[PDB]
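K.L.:
So I've got this file, target_17.cif, and it contains mmCIF, C-alpha atoms:
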data_my_file
#
loop_
_atom_site.group_PDB
_atom_site.id
_atom_site.type_symbol
_atom_site.label_atom_id
_atom_site.label_comp_id
_atom_site.auth_asym_id
_atom_site.auth_seq_id
_atom_site.Cartn_x
_atom_site.Cartn_y
_atom_site.Cartn_z
ATOM 1 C CA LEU A 12 -69.536 -58.818 -26.386
ATOM 2 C CA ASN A 13 -67.530 -60.215 -29.272
ATOM 3 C CA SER A 14 -67.383 -63.771 -30.501
ATOM 4 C CA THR A 15 -64.293 -64.617 -28.439
ATOM 5 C CA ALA A 16 -65.816 -63.253 -25.232
ATOM 6 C CA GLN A 17 -69.071 -65.041 -25.901
ATOM 7 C CA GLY A 18 -67.180 -68.301 -26.251
ATOM 8 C CA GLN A 19 -65.329 -67.739 -23.000
ATOM 9 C CA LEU A 20 -68.466 -66.851 -21.145
ATOM 10 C CA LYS A 21 -70.310 -69.913 -22.310
ATOM 11 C CA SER A 22 -67.390 -72.085 -21.289
ATOM 12 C CA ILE A 23 -67.265 -70.469 -17.828
ATOM 13 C CA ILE A 24 -70.946 -71.034 -17.161
ATOM 14 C CA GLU A 25 -70.859 -74.582 -18.524
ATOM 15 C CA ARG A 26 -67.908 -75.463 -16.330
ATOM 16 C CA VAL A 27 -69.352 -73.986 -13.142
ATOM 17 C CA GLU A 28 -72.684 -75.675 -13.808
ATOM 18 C CA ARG A 29 -71.011 -79.048 -14.300
ATOM 19 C CA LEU A 30 -69.208 -78.590 -10.988
ATOM 20 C CA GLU A 31 -72.473 -77.581 -9.269
ATOM 21 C CA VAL A 32 -73.953 -80.866 -10.456
ATOM 22 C CA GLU A 33 -71.036 -82.737 -8.889
ATOM 23 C CA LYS A 34 -71.531 -80.763 -5.693
ATOM 24 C CA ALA A 35 -75.214 -81.674 -5.669
ATOM 25 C CA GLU A 36 -74.268 -85.341 -6.121
ATOM 26 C CA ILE A 37 -71.899 -85.197 -3.161
ATOM 27 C CA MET A 38 -74.522 -83.449 -0.998
ATOM 28 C CA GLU A 39 -76.967 -86.221 -1.844
ATOM 29 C CA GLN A 40 -74.399 -88.842 -0.859
ATOM 30 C CA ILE A 41 -73.897 -87.055 2.473
ATOM 31 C CA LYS A 42 -77.657 -87.116 3.028
ATOM 32 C CA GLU A 43 -77.703 -90.822 2.238
ATOM 33 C CA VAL A 44 -75.041 -91.539 4.849
ATOM 34 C CA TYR A 45 -77.072 -89.746 7.467
ATOM 35 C CA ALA A 46 -80.168 -91.623 6.273
ATOM 36 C CA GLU A 47 -78.302 -94.879 6.900
ATOM 37 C CA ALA A 48 -77.249 -93.532 10.325
ATOM 38 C CA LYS A 49 -80.868 -92.736 11.188
ATOM 39 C CA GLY A 50 -81.911 -96.276 10.173
ATOM 40 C CA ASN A 51 -79.236 -97.692 12.478
ATOM 41 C CA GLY A 52 -80.641 -95.729 15.433
ATOM 42 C CA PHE A 53 -78.351 -92.729 15.612
ATOM 43 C CA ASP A 54 -79.173 -89.108 16.329
ATOM 44 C CA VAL A 55 -78.516 -87.274 13.042
ATOM 45 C CA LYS A 56 -78.687 -83.795 14.515
ATOM 46 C CA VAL A 57 -75.950 -84.771 16.972
ATOM 47 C CA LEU A 58 -73.900 -86.522 14.246
ATOM 48 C CA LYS A 59 -73.964 -83.327 12.240
ATOM 49 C CA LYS A 60 -72.619 -81.403 15.250
ATOM 50 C CA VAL A 61 -69.872 -84.026 15.689
ATOM 51 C CA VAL A 62 -68.763 -83.373 12.116
ATOM 52 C CA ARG A 63 -69.109 -79.624 12.589
ATOM 53 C CA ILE A 64 -67.021 -79.313 15.705
ATOM 54 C CA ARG A 65 -64.460 -81.815 14.440
ATOM 55 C CA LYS A 66 -63.534 -79.040 12.005
ATOM 56 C CA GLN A 67 -62.961 -76.403 14.664
ATOM 57 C CA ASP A 68 -59.757 -75.599 16.530
ATOM 58 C CA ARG A 69 -60.227 -77.796 19.573
ATOM 59 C CA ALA A 70 -58.156 -75.601 21.901
ATOM 60 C CA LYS A 71 -60.158 -72.533 21.006
ATOM 61 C CA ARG A 72 -63.435 -74.458 21.384
ATOM 62 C CA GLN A 73 -62.473 -75.792 24.832
ATOM 63 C CA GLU A 74 -61.138 -72.390 25.846
ATOM 64 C CA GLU A 75 -64.405 -70.750 24.867
ATOM 65 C CA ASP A 76 -66.379 -73.500 26.614
ATOM 66 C CA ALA A 77 -64.438 -72.825 29.828
ATOM 67 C CA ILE A 78 -65.080 -69.082 29.670
ATOM 68 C CA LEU A 79 -68.750 -69.827 28.890
ATOM 69 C CA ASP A 80 -69.095 -71.978 32.001
ATOM 70 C CA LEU A 81 -67.360 -69.303 34.035
ATOM 71 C CA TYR A 82 -69.802 -66.633 32.852
ATOM 72 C CA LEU A 83 -72.861 -68.851 33.323
ATOM 73 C CA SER A 84 -71.915 -69.529 36.890
ATOM 74 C CA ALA A 85 -71.089 -65.871 37.542
ATOM 75 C CA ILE A 86 -74.608 -64.774 36.538
ATOM 76 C CA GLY A 87 -75.975 -67.455 38.806
ATOM 77 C CA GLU A 88 -77.424 -69.908 36.261
ATOM 78 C CA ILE A 89 -78.609 -73.119 37.951
ATOM 79 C CA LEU B 12 -72.307 -97.742 23.217
ATOM 80 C CA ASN B 13 -71.343 -101.302 22.380
ATOM 81 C CA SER B 14 -68.644 -102.495 20.041
ATOM 82 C CA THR B 15 -71.019 -102.844 17.081
ATOM 83 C CA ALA B 16 -72.416 -99.335 17.536
ATOM 84 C CA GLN B 17 -68.948 -97.901 17.938
ATOM 85 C CA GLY B 18 -67.939 -99.483 14.651
ATOM 86 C CA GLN B 19 -70.970 -98.074 12.880
ATOM 87 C CA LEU B 20 -70.426 -94.635 14.276
ATOM 88 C CA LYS B 21 -66.817 -94.519 13.228
ATOM 89 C CA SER B 22 -67.772 -95.627 9.743
ATOM 90 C CA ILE B 23 -70.477 -92.937 9.517
ATOM 91 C CA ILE B 24 -68.130 -90.145 10.523
ATOM 92 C CA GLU B 25 -65.336 -91.406 8.273
ATOM 93 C CA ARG B 26 -67.663 -91.565 5.298
ATOM 94 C CA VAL B 27 -69.171 -88.116 5.811
ATOM 95 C CA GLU B 28 -65.718 -86.628 6.325
ATOM 96 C CA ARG B 29 -64.436 -88.189 3.111
ATOM 97 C CA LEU B 30 -67.401 -86.706 1.256
ATOM 98 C CA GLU B 31 -66.788 -83.289 2.863
ATOM 99 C CA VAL B 32 -63.258 -83.426 1.480
ATOM 100 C CA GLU B 33 -64.654 -84.093 -1.995
ATOM 101 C CA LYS B 34 -67.069 -81.209 -1.541
ATOM 102 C CA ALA B 35 -64.205 -78.933 -0.539
ATOM 103 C CA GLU B 36 -62.301 -80.021 -3.660
ATOM 104 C CA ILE B 37 -65.262 -79.179 -5.879
ATOM 105 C CA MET B 38 -65.719 -75.785 -4.179
ATOM 106 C CA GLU B 39 -62.063 -75.034 -4.851
ATOM 107 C CA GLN B 40 -62.501 -75.968 -8.507
ATOM 108 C CA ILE B 41 -65.488 -73.607 -8.723
ATOM 109 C CA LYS B 42 -63.354 -70.833 -7.240
ATOM 110 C CA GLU B 43 -60.646 -71.570 -9.787
ATOM 111 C CA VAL B 44 -63.090 -71.217 -12.672
ATOM 112 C CA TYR B 45 -64.159 -67.835 -11.402
ATOM 113 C CA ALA B 46 -60.490 -66.913 -10.926
ATOM 114 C CA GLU B 47 -59.925 -67.717 -14.603
ATOM 115 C CA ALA B 48 -63.026 -65.643 -15.458
ATOM 116 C CA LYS B 49 -61.658 -62.683 -13.499
ATOM 117 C CA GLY B 50 -58.324 -62.966 -15.356
ATOM 118 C CA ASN B 51 -60.197 -62.889 -18.667
ATOM 119 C CA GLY B 52 -61.922 -59.627 -17.697
ATOM 120 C CA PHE B 53 -65.311 -60.793 -16.498
ATOM 121 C CA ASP B 54 -67.386 -59.577 -13.581
ATOM 122 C CA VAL B 55 -67.403 -62.481 -11.098
ATOM 123 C CA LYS B 56 -70.151 -61.085 -8.909
ATOM 124 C CA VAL B 57 -72.410 -60.909 -11.967
ATOM 125 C CA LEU B 58 -71.328 -64.386 -13.168
ATOM 126 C CA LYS B 59 -72.339 -65.786 -9.813
ATOM 127 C CA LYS B 60 -75.790 -64.195 -10.183
ATOM 128 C CA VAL B 61 -76.083 -65.668 -13.699
ATOM 129 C CA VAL B 62 -75.513 -69.124 -12.232
ATOM 130 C CA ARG B 63 -77.853 -68.390 -9.337
ATOM 131 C CA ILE B 64 -80.814 -67.244 -11.358
ATOM 132 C CA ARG B 65 -80.268 -69.927 -13.989
ATOM 133 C CA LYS B 66 -81.438 -72.296 -11.248
ATOM 134 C CA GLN B 67 -84.684 -70.470 -10.555
ATOM 135 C CA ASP B 68 -88.066 -70.976 -12.197
ATOM 136 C CA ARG B 69 -87.828 -68.393 -14.950
ATOM 137 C CA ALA B 70 -91.583 -67.778 -15.167
ATOM 138 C CA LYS B 71 -91.820 -67.107 -11.463
ATOM 139 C CA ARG B 72 -88.744 -64.847 -11.589
ATOM 140 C CA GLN B 73 -90.129 -62.806 -14.506
ATOM 141 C CA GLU B 74 -93.560 -62.709 -12.892
ATOM 142 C CA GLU B 75 -92.075 -61.374 -9.678
ATOM 143 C CA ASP B 76 -89.943 -58.889 -11.624
ATOM 144 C CA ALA B 77 -93.084 -57.560 -13.333
ATOM 145 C CA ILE B 78 -94.939 -57.135 -10.043
ATOM 146 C CA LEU B 79 -91.810 -55.487 -8.585
ATOM 147 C CA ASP B 80 -91.709 -52.928 -11.389
ATOM 148 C CA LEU B 81 -95.415 -52.313 -10.951
ATOM 149 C CA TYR B 82 -94.994 -51.609 -7.233
ATOM 150 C CA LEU B 83 -91.915 -49.424 -7.729
ATOM 151 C CA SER B 84 -93.755 -47.253 -10.175
ATOM 152 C CA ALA B 85 -96.857 -47.113 -7.974
ATOM 153 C CA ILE B 86 -94.865 -45.662 -5.055
ATOM 154 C CA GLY B 87 -93.399 -43.145 -7.447
ATOM 155 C CA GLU B 88 -89.771 -44.328 -7.634
ATOM 156 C CA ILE B 89 -87.819 -42.399 -10.285
ATOM 157 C CA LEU C 12 -102.607 -49.786 -9.788
ATOM 158 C CA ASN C 13 -105.325 -47.307 -8.910
ATOM 159 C CA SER C 14 -105.102 -44.313 -6.638
ATOM 160 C CA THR C 15 -106.382 -46.217 -3.595
ATOM 161 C CA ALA C 16 -103.891 -49.051 -4.074
ATOM 162 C CA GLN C 17 -101.066 -46.608 -4.620
ATOM 163 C CA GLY C 18 -101.917 -44.929 -1.336
ATOM 164 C CA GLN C 19 -101.962 -48.233 0.504
ATOM 165 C CA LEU C 20 -98.693 -49.323 -0.979
ATOM 166 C CA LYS C 21 -96.934 -46.131 -0.053
ATOM 167 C CA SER C 22 -98.237 -46.415 3.483
ATOM 168 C CA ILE C 23 -97.042 -50.035 3.744
ATOM 169 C CA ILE C 24 -93.529 -49.216 2.604
ATOM 170 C CA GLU C 25 -93.325 -46.109 4.786
ATOM 171 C CA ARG C 26 -94.415 -48.055 7.839
ATOM 172 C CA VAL C 27 -92.029 -50.963 7.306
ATOM 173 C CA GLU C 28 -89.167 -48.560 6.648
ATOM 174 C CA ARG C 29 -89.879 -46.647 9.849
ATOM 175 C CA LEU C 30 -89.825 -49.924 11.770
ATOM 176 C CA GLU C 31 -86.552 -50.946 10.075
ATOM 177 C CA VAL C 32 -85.043 -47.704 11.343
ATOM 178 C CA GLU C 33 -86.151 -48.581 14.875
ATOM 179 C CA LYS C 34 -84.676 -52.043 14.442
ATOM 180 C CA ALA C 35 -81.390 -50.530 13.301
ATOM 181 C CA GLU C 36 -81.404 -48.277 16.378
ATOM 182 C CA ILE C 37 -81.907 -51.254 18.676
ATOM 183 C CA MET C 38 -79.139 -53.224 16.924
ATOM 184 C CA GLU C 39 -76.805 -50.284 17.459
ATOM 185 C CA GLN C 40 -77.715 -50.180 21.146
ATOM 186 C CA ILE C 41 -76.940 -53.906 21.412
ATOM 187 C CA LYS C 42 -73.554 -53.277 19.803
ATOM 188 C CA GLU C 43 -72.912 -50.476 22.274
ATOM 189 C CA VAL C 44 -73.599 -52.758 25.230
ATOM 190 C CA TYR C 45 -71.101 -55.260 23.928
ATOM 191 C CA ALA C 46 -68.646 -52.409 23.313
ATOM 192 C CA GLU C 47 -68.989 -51.468 26.984
ATOM 193 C CA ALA C 48 -68.502 -55.153 27.899
ATOM 194 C CA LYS C 49 -65.308 -55.302 25.836
ATOM 195 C CA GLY C 50 -64.004 -52.160 27.588
ATOM 196 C CA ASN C 51 -64.667 -53.800 30.956
ATOM 197 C CA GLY C 52 -62.561 -56.827 29.977
ATOM 198 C CA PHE C 53 -65.163 -59.353 28.915
ATOM 199 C CA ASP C 54 -65.106 -61.813 26.044
ATOM 200 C CA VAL C 55 -67.788 -60.571 23.623
ATOM 201 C CA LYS C 56 -67.848 -63.698 21.497
ATOM 202 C CA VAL C 57 -68.604 -65.731 24.624
ATOM 203 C CA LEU C 58 -71.183 -63.178 25.859
ATOM 204 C CA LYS C 59 -72.999 -63.519 22.569
ATOM 205 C CA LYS C 60 -73.115 -67.308 23.020
ATOM 206 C CA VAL C 61 -74.446 -66.835 26.573
ATOM 207 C CA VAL C 62 -77.324 -64.801 25.159
ATOM 208 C CA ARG C 63 -77.815 -67.280 22.328
ATOM 209 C CA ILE C 64 -78.055 -70.398 24.422
ATOM 210 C CA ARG C 65 -80.119 -68.650 27.088
ATOM 211 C CA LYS C 66 -82.850 -68.685 24.435
ATOM 212 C CA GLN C 67 -82.700 -72.419 23.813
ATOM 213 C CA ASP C 68 -84.617 -75.178 25.576
ATOM 214 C CA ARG C 69 -82.112 -76.070 28.267
ATOM 215 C CA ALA C 70 -83.242 -79.696 28.594
ATOM 216 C CA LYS C 71 -82.872 -80.285 24.888
ATOM 217 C CA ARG C 72 -79.469 -78.552 24.866
ATOM 218 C CA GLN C 73 -78.172 -80.647 27.785
ATOM 219 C CA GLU C 74 -79.680 -83.787 26.283
ATOM 220 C CA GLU C 75 -77.927 -83.128 22.995
ATOM 221 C CA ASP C 76 -74.686 -82.302 24.819
ATOM 222 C CA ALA C 77 -74.854 -85.670 26.603
ATOM 223 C CA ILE C 78 -75.416 -87.585 23.368
ATOM 224 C CA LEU C 79 -72.588 -85.561 21.775
ATOM 225 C CA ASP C 80 -70.164 -86.566 24.521
ATOM 226 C CA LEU C 81 -71.295 -90.160 24.194
ATOM 227 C CA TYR C 82 -70.599 -90.176 20.451
ATOM 228 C CA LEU C 83 -67.250 -88.400 20.800
ATOM 229 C CA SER C 84 -66.057 -90.970 23.261
ATOM 230 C CA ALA C 85 -67.397 -93.847 21.160
ATOM 231 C CA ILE C 86 -65.303 -92.781 18.149
ATOM 232 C CA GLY C 87 -62.318 -92.555 20.439
ATOM 233 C CA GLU C 88 -61.740 -88.780 20.530
ATOM 234 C CA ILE C 89 -59.053 -87.851 23.076
ATOM 235 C CA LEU D 12 -64.970 -63.813 38.894
ATOM 236 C CA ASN D 13 -65.222 -61.335 41.741
ATOM 237 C CA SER D 14 -68.290 -59.579 43.036
ATOM 238 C CA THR D 15 -67.726 -56.481 40.891
ATOM 239 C CA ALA D 16 -67.297 -58.520 37.709
ATOM 240 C CA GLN D 17 -70.334 -60.609 38.521
ATOM 241 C CA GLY D 18 -72.384 -57.446 38.875
ATOM 242 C CA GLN D 19 -71.158 -56.112 35.554
ATOM 243 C CA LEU D 20 -71.835 -59.351 33.785
ATOM 244 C CA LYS D 21 -75.359 -59.596 35.073
ATOM 245 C CA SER D 22 -76.020 -56.033 34.000
ATOM 246 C CA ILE D 23 -74.636 -56.718 30.506
ATOM 247 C CA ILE D 24 -76.815 -59.764 29.972
ATOM 248 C CA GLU D 25 -79.899 -58.062 31.403
ATOM 249 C CA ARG D 26 -79.434 -55.076 29.131
ATOM 250 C CA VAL D 27 -78.868 -57.095 25.963
ATOM 251 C CA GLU D 28 -81.851 -59.296 26.773
ATOM 252 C CA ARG D 29 -84.094 -56.275 27.278
ATOM 253 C CA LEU D 30 -82.986 -54.939 23.899
ATOM 254 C CA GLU D 31 -83.607 -58.343 22.269
ATOM 255 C CA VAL D 32 -87.166 -58.163 23.572
ATOM 256 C CA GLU D 33 -87.578 -54.748 21.947
ATOM 257 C CA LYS D 34 -86.144 -56.144 18.730
ATOM 258 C CA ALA D 35 -88.612 -59.022 18.846
ATOM 259 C CA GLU D 36 -91.447 -56.519 19.341
ATOM 260 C CA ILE D 37 -90.352 -54.529 16.302
ATOM 261 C CA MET D 38 -90.040 -57.701 14.192
ATOM 262 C CA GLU D 39 -93.585 -58.620 15.175
ATOM 263 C CA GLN D 40 -94.805 -55.169 14.158
ATOM 264 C CA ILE D 41 -93.094 -55.592 10.776
ATOM 265 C CA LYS D 42 -94.855 -58.933 10.347
ATOM 266 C CA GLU D 43 -98.159 -57.290 11.213
ATOM 267 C CA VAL D 44 -97.690 -54.644 8.531
ATOM 268 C CA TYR D 45 -97.088 -57.318 5.946
ATOM 269 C CA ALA D 46 -100.115 -59.214 7.279
ATOM 270 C CA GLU D 47 -102.204 -56.095 6.657
ATOM 271 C CA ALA D 48 -100.642 -55.831 3.173
ATOM 272 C CA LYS D 49 -101.585 -59.438 2.414
ATOM 273 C CA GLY D 50 -105.181 -58.756 3.534
ATOM 274 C CA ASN D 51 -105.319 -55.778 1.172
ATOM 275 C CA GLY D 52 -104.296 -57.975 -1.775
ATOM 276 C CA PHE D 53 -100.594 -57.284 -2.091
ATOM 277 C CA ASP D 54 -97.754 -59.661 -2.853
ATOM 278 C CA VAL D 55 -95.713 -59.832 0.372
ATOM 279 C CA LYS D 56 -92.733 -61.580 -1.165
ATOM 280 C CA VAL D 57 -92.456 -58.747 -3.691
ATOM 281 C CA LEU D 58 -93.008 -56.074 -0.999
ATOM 282 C CA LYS D 59 -90.118 -57.528 0.943
ATOM 283 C CA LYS D 60 -87.896 -57.254 -2.149
ATOM 284 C CA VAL D 61 -89.019 -53.630 -2.625
ATOM 285 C CA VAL D 62 -87.820 -52.861 0.895
ATOM 286 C CA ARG D 63 -84.643 -54.865 0.358
ATOM 287 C CA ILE D 64 -83.530 -53.204 -2.831
ATOM 288 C CA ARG D 65 -84.573 -49.766 -1.600
ATOM 289 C CA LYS D 66 -81.598 -50.138 0.746
ATOM 290 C CA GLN D 67 -79.075 -50.867 -1.984
ATOM 291 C CA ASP D 68 -76.980 -48.406 -3.970
ATOM 292 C CA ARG D 69 -79.253 -47.900 -6.951
ATOM 293 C CA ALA D 70 -76.439 -47.085 -9.390
ATOM 294 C CA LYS D 71 -74.570 -50.234 -8.492
ATOM 295 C CA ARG D 72 -77.772 -52.302 -8.723
ATOM 296 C CA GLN D 73 -78.646 -50.914 -12.172
ATOM 297 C CA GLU D 74 -75.042 -51.273 -13.299
ATOM 298 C CA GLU D 75 -75.013 -54.907 -12.246
ATOM 299 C CA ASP D 76 -78.412 -55.468 -13.871
ATOM 300 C CA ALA D 77 -77.044 -54.104 -17.160
ATOM 301 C CA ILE D 78 -73.985 -56.357 -17.057
ATOM 302 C CA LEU D 79 -76.273 -59.283 -16.142
ATOM 303 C CA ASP D 80 -78.451 -58.688 -19.195
ATOM 304 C CA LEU D 81 -75.350 -58.383 -21.339
ATOM 305 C CA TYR D 82 -74.024 -61.741 -20.130
ATOM 306 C CA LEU D 83 -77.394 -63.484 -20.455
ATOM 307 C CA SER D 84 -77.692 -62.407 -24.037
ATOM 308 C CA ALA D 85 -74.077 -63.327 -24.790
ATOM 309 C CA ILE D 86 -74.645 -66.942 -23.693
ATOM 310 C CA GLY D 87 -77.727 -67.003 -25.860
ATOM 311 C CA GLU D 88 -80.484 -67.142 -23.219
ATOM 312 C CA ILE D 89 -83.939 -66.790 -24.803
#
Just dump the structure as structure tokens.

P.N.:
Amino acid sequence: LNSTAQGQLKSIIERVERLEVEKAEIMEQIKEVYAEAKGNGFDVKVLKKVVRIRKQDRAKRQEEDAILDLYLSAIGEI
Amino acid sequence: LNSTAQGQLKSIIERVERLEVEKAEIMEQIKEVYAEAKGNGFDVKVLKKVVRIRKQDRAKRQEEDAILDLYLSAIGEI
Amino acid sequence: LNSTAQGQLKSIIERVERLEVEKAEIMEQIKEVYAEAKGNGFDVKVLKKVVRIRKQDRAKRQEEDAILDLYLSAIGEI
Amino acid sequence: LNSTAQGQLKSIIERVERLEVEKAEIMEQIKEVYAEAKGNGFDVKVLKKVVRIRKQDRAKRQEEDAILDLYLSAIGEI
């Protein structure tokens, strides 16, 4: 690779790596919020599912939940 | 849950969700850098592996690579 | 690696690879059952979740579901 | 769901679950082979990578490896 290409490549890697640091920082801050939640007596596993489903299409989730319950009852789950 | 707990919970979710937005922003910026890389004629799949292995312990990676080559040759790969 | 070790290594790889073939065969049969399910008018995505949760500890799942609902209501989801 | 549908559904779940048992059995046998490998002085992590790459397109893997090395040298890795 020529001098120009080498320069570009170095810049690309440097820039991604700087952004990966920022991403790591934000992940640590998210951890810290859950750590505070745990210390205030909340269930972190459940909190994480709250955040997770609050990103899903709520109609689709409730639709799928209804079909799930229908199937569970049809196979005779008690 | 009482009023206090409700307040805490809302704050927790709000704060995580704000951080998830920031994380999404940073992921988009990482995509954009690779998009620029692609437009300058680089191999994005390979770039991503450069970044990935540049986070690993390089002694361990080279050690494992050596043992790999040893095993491949022992089973007669050509 | 000496002759003995080479023999062992070849046997190891051969045996794992034969088992991976069997695993692939079983995965294909699982796909086929869901294909039959789809052709009989069932919702395969939901079927897959039925199988998935039918492997979980049902007390823990229902416990977590209860706490989830409690949190969702506390943050005022409607 | 009517009687017919209930019957079909039960059959579907039963059949998938029987296949998941077989899959579990095969996974355990794969573990056992690696356990034997470990007891004969082999590096299981490396063995697993041997099996993994022996499923990839070897031209594509070597092509990507070459481009990788080219990029690593261009950014001045030592």

K.L.:
For chain B, list the residues within 12 Å of chain A, counting only C-alpha atoms, and write the list as a ChimeraX atom specification.

P.N.:
/B:12,15-55,57-66

K.L.:
Pairing the C-alpha atoms in order across the whole chain, superpose chain C onto chain D by least squares and write the result as an mmCIF file with C-alpha atoms, in the frame of the given file.

P.N.:
data_model
loop_
_atom_site.group_PDB
_atom_site.id
_atom_site.type_symbol
_atom_site.label_atom_id
_atom_site.label_comp_id
_atom_site.auth_asym_id
_atom_site.auth_seq_id
_atom_site.Cartn_x
_atom_site.Cartn_y
_atom_site.Cartn_z
ATOM 1 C CA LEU C 12 -64.970 -63.813 38.894
ATOM 2 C CA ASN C 13 -65.222 -61.335 41.740
ATOM 3 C CA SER C 14 -68.290 -59.579 43.037
ATOM 4 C CA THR C 15 -67.726 -56.481 40.891
ATOM 5 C CA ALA C 16 -67.297 -58.520 37.709
ATOM 6 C CA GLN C 17 -70.335 -60.609 38.521
ATOM 7 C CA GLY C 18 -72.384 -57.446 38.875
ATOM 8 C CA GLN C 19 -71.159 -56.112 35.554
ATOM 9 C CA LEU C 20 -71.835 -59.351 33.785
ATOM 10 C CA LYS C 21 -75.359 -59.596 35.073
ATOM 11 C CA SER C 22 -76.020 -56.033 34.001
ATOM 12 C CA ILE C 23 -74.636 -56.718 30.506
ATOM 13 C CA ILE C 24 -76.815 -59.764 29.972
ATOM 14 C CA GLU C 25 -79.900 -58.063 31.403
ATOM 15 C CA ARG C 26 -79.433 -55.076 29.131
ATOM 16 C CA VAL C 27 -78.868 -57.095 25.963
ATOM 17 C CA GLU C 28 -81.851 -59.296 26.773
ATOM 18 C CA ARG C 29 -84.094 -56.275 27.278
ATOM 19 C CA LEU C 30 -82.986 -54.939 23.899
ATOM 20 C CA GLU C 31 -83.607 -58.343 22.269
ATOM 21 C CA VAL C 32 -87.166 -58.163 23.572
ATOM 22 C CA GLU C 33 -87.578 -54.748 21.947
ATOM 23 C CA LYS C 34 -86.144 -56.144 18.730
ATOM 24 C CA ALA C 35 -88.612 -59.022 18.846
ATOM 25 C CA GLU C 36 -91.447 -56.519 19.342
ATOM 26 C CA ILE C 37 -90.352 -54.529 16.302
ATOM 27 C CA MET C 38 -90.040 -57.701 14.191
ATOM 28 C CA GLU C 39 -93.585 -58.620 15.175
ATOM 29 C CA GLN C 40 -94.805 -55.168 14.159
ATOM 30 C CA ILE C 41 -93.094 -55.592 10.775
ATOM 31 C CA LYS C 42 -94.855 -58.933 10.347
ATOM 32 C CA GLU C 43 -98.159 -57.291 11.214
ATOM 33 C CA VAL C 44 -97.690 -54.645 8.532
ATOM 34 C CA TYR C 45 -97.088 -57.318 5.946
ATOM 35 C CA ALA C 46 -100.115 -59.214 7.278
ATOM 36 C CA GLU C 47 -102.204 -56.095 6.657
ATOM 37 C CA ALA C 48 -100.642 -55.830 3.173
ATOM 38 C CA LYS C 49 -101.586 -59.438 2.414
ATOM 39 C CA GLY C 50 -105.181 -58.756 3.534
ATOM 40 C CA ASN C 51 -105.320 -55.777 1.172
ATOM 41 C CA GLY C 52 -104.296 -57.975 -1.774
ATOM 42 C CA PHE C 53 -100.594 -57.284 -2.091
ATOM 43 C CA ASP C 54 -97.754 -59.661 -2.854
ATOM 44 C CA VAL C 55 -95.714 -59.832 0.372
ATOM 45 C CA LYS C 56 -92.733 -61.580 -1.165
ATOM 46 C CA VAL C 57 -92.456 -58.748 -3.691
ATOM 47 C CA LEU C 58 -93.008 -56.074 -1.000
ATOM 48 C CA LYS C 59 -90.117 -57.527 0.943
ATOM 49 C CA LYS C 60 -87.895 -57.254 -2.149
ATOM 50 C CA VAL C 61 -89.019 -53.630 -2.624
ATOM 51 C CA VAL C 62 -87.820 -52.860 0.896
ATOM 52 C CA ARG C 63 -84.643 -54.865 0.358
ATOM 53 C CA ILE C 64 -83.530 -53.204 -2.831
ATOM 54 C CA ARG C 65 -84.573 -49.766 -1.600
ATOM 55 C CA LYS C 66 -81.598 -50.139 0.746
ATOM 56 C CA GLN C 67 -79.075 -50.867 -1.984
ATOM 57 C CA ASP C 68 -76.979 -48.406 -3.971
ATOM 58 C CA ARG C 69 -79.253 -47.899 -6.951
ATOM 59 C CA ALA C 70 -76.439 -47.085 -9.390
ATOM 60 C CA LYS C 71 -74.570 -50.234 -8.493
ATOM 61 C CA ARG C 72 -77.772 -52.302 -8.722
ATOM 62 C CA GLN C 73 -78.646 -50.913 -12.172
ATOM 63 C CA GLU C 74 -75.042 -51.272 -13.299
ATOM 64 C CA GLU C 75 -75.012 -54.907 -12.246
ATOM 65 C CA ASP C 76 -78.412 -55.468 -13.871
ATOM 66 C CA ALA C 77 -77.044 -54.104 -17.161
ATOM 67 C CA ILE C 78 -73.984 -56.358 -17.057
ATOM 68 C CA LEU C 79 -76.272 -59.283 -16.142
ATOM 69 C CA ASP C 80 -78.451 -58.688 -19.195
ATOM 70 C CA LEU C 81 -75.350 -58.382 -21.339
ATOM 71 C CA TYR C 82 -74.025 -61.741 -20.131
ATOM 72 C CA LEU C 83 -77.394 -63.483 -20.455
ATOM 73 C CA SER C 84 -77.692 -62.407 -24.038
ATOM 74 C CA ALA C 85 -74.077 -63.328 -24.790
ATOM 75 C CA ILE C 86 -74.644 -66.942 -23.694
ATOM 76 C CA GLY C 87 -77.728 -67.004 -25.860
ATOM 77 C CA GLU C 88 -80.484 -67.142 -23.219
ATOM 78 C CA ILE C 89 -83.939 -66.790 -24.802
#

K.L.:
So what do you get for atom CA of residue D:87 versus atom CA of residue D:69, distance-wise?

P.N.:
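Going from atom CA of residue D:87 over to atom CA of residue D:69, I get 26.9 Å.
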
K.L.:
How far is it from atom CA of residue C:76 to atom CA of residue B:14, in Å with one decimal?

P.N.:
21.6 Å

K.L.:
Return the padded bounding box of stretch 33-37 of chain C as JSON: axis-aligned, built from all atoms listed in the file, 6 Å added on each side, with centre and edge lengths in Å to one decimal.

P.N.:
{"center_x": -83.8, "center_y": -50.2, "center_z": 16.0, "size_x": 16.8, "size_y": 15.8, "size_z": 17.4}

K.L.:
Which value, in Å to one decimal, gives the distance between atom CA of residue C:77 and atom CA of residue A:56?

P.N.:
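Atom CA of residue C:77 sits 12.8 Å away from atom CA of residue A:56.
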